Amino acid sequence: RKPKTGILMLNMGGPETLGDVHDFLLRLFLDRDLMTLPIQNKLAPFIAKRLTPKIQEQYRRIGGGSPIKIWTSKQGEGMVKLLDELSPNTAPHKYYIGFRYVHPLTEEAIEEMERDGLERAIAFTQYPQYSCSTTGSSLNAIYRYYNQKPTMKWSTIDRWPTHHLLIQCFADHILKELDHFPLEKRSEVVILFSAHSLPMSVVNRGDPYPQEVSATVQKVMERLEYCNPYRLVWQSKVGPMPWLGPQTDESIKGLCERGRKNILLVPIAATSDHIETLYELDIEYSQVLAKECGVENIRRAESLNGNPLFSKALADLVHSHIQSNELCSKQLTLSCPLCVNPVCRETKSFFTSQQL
């Protein structure tokens, strides 16, 4: 009857409609895990207002908002159905969405999980590769909510950059897209793995993300038996500060100018369609930039989205995590060597200290 085990699927989220953009921006400018601003309570509303039209326009260019919730729901639905057969002692399982900056907010889902009187809660990040500004920020909200005692037992699947069925899904979607290039151009295709960039100040303090993203790439390339040559590059840089690159836009253009005009783009750090793929790569870079460069064929591997094999990966991850009795990865128990955020430490002990 009643749900026994909740799986909290964590993601940043993105505005479902144009009307949701302002509040999405506002919550995010108010997050000190993400940025510290002078007179932040004053500037955040002000910044959210000045950015709103530009960002609304981007979502307009993709049909009016983000498909993130729909994909997350469908993936969660499939995960639960599998998990009830695979793990009948922890069943009935139930998935909750906890988005960081849009509705169902992390705090709302945790509230609902508590109401449902679950025996067990699992914090399951949907970022395979761990960043403190991504998964860490999501785990920080969970600790903060209880600080602002659980009545359920908590653990986290805080990273999974090389899960073997994640890797197969990526390899499968790549091979699928390679087949859409003209046959004569197939061997000539260069693969650009593309992940949201980070500011160097984040990279330089110890963030796990670039090294983990690199690991996902190697695994996909082994599985593909190095059929095409590749580079891992980074997108979504903003402002004048240095970020990790090489930049995805610059690389497409760089490569084109060097005679490599057939390019396959691979969103390697996300599991669903969102602004980064549908607007940034598909419109901003594939349509505009690439036309101006004389590109012959640019394409983008399909996001994992509703791949039934990705649901199987999710369930396998949850099932394995339940059998292992782990509370968090070994990696979580180590903070960035130059972490200056007092909460990271509290969030880690929140998980390592759980009864059970």
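Note that residue numbering begins at 1 and tracks the sequence as displayed.
Would you mind checking whether any residues of the deposited sequence sit unmodelled between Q148 and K149, and how many (none, 1 to 3, 4 to 9, 10 or more)?
-> Gap between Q148 and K149: 1 to 3 unmodelled residues.
Between 181 to 189 and 126 to 134 (mean CA B-factor, as deposited), the higher = Higher mean C-alpha B-factor in the PDB entry: 181 to 189.
Between 279 to 287 and 194 to 202, which has the higher average C-alpha B-factor in the PDB entry?
-> Mean B over CA atoms: larger for 279 to 287.
Top Cα B factor in the deposited entry, candidates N325, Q56, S303, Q331 | Of the options given, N325 has the highest CA B-factor in the PDB entry.
Can you pull the Cα B-factors for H173, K219, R258, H274 from the entry and say which is highest?
-> When the deposited C-alpha B-factors of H173, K219, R258, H274 are compared, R258 is largest.
B-factor third for the C-alpha atom of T248 within its chain | Its C-alpha B-factor belongs to the middle third of this chain's values.
Of the three thirds of its chain by CA temperature factor, lowest, middle or highest, which one includes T156?
-> Lowest third, going by the recorded CA B-factors of the chain.
In terms of the CA temperature factor given in the entry, to which third of its chain does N89 belong: lowest, middle or highest?
-> For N89, the deposited C-alpha B-factor lands in the highest third.
Place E107 in the lowest, middle or highest third of its chain's C-alpha B-factors, as listed in the PDB entry.
-> For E107, whose C-alpha B-factor we compare with every modelled residue in the chain, the answer is the middle third.
Thinking about Cα B factors across the chain, which third does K81 belong to?
-> Within its chain, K81 is a highest-third residue by C-alpha B-factor, going by the deposited values.
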